[PDB]
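Notes follow once the structure below has been shown.
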Amino acid sequence: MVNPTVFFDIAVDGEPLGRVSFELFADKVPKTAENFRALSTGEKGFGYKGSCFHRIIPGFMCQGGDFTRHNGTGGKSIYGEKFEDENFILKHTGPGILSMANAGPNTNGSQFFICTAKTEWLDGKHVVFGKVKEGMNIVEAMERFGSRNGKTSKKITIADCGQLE
């Protein structure tokens, strides 16, 4: 095997921005990687396609994944609703890190965030499970639509998403 690669085609108020591809560390966090992969392909009948990045903070991160409530309070995993923190082997070492958002210990659903900088204070609190492979320039572009409190100036949506490799 080899770690899977998924992609997100980002749009700003419908206007295509570009593609961001991610390598999912299935070799270190198989359960967390699988949740993201399946939600990216939409194979379970629900997922990221059509959802938006509701919280974008410049110099920090781009958060999304709430396909149920579309406001940062919903979303769900492919294992029911919420699942345990698999492990904290990987750290938020720098820009491009893909990690799970949560509401405290063992509350992983579908929400995730892409770091635009090293965020060591999240180590041991959020499960790191992947990283940007291609399109970091697109993530930087998305970052320009965020604000200090996270509210986005325009709607940043996942026009399409799926698996490449």
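Please read every residue number as a count from 1 along the shown chain.
The way this entry was determined, per its header, is X-ray crystallography, 1.7 Å.
The backbone N, Cα and C atoms fix where each Cβ goes, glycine too.
Swiss-Prot marks one residue of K28, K118 as SUMO2 cross-link, namely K28. The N6-acetyllysine entry in Swiss-Prot, when matched to the candidates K76, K151, corresponds to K76.
Residue with Swiss-Prot feature SUMO2 cross-link, selected from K31, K82, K155: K82. Comparing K44, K49 with the features listed in Swiss-Prot, the residue bearing the annotation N6-acetyllysine is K44.
Swiss-Prot marks one residue of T93, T116 with the annotation phosphothreonine, and that residue is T93. Cβ neighbour count for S77 (phosphoserine) (all protein chains, 10 Å cutoff from its Cβ): 21. Here the modified residues are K28, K44, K76, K82, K131; the one with the fewest Cβ atoms within 10 Å of its Cβ is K44. Put simply, of the modified residues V2, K28, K76, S77, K82, the one whose Cα is nearest the Cα of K133 (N6-acetyllysine) is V2. Closest to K44 (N6-acetyllysine) by Cα-Cα distance, out of the modified residues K28, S77, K131, is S77.
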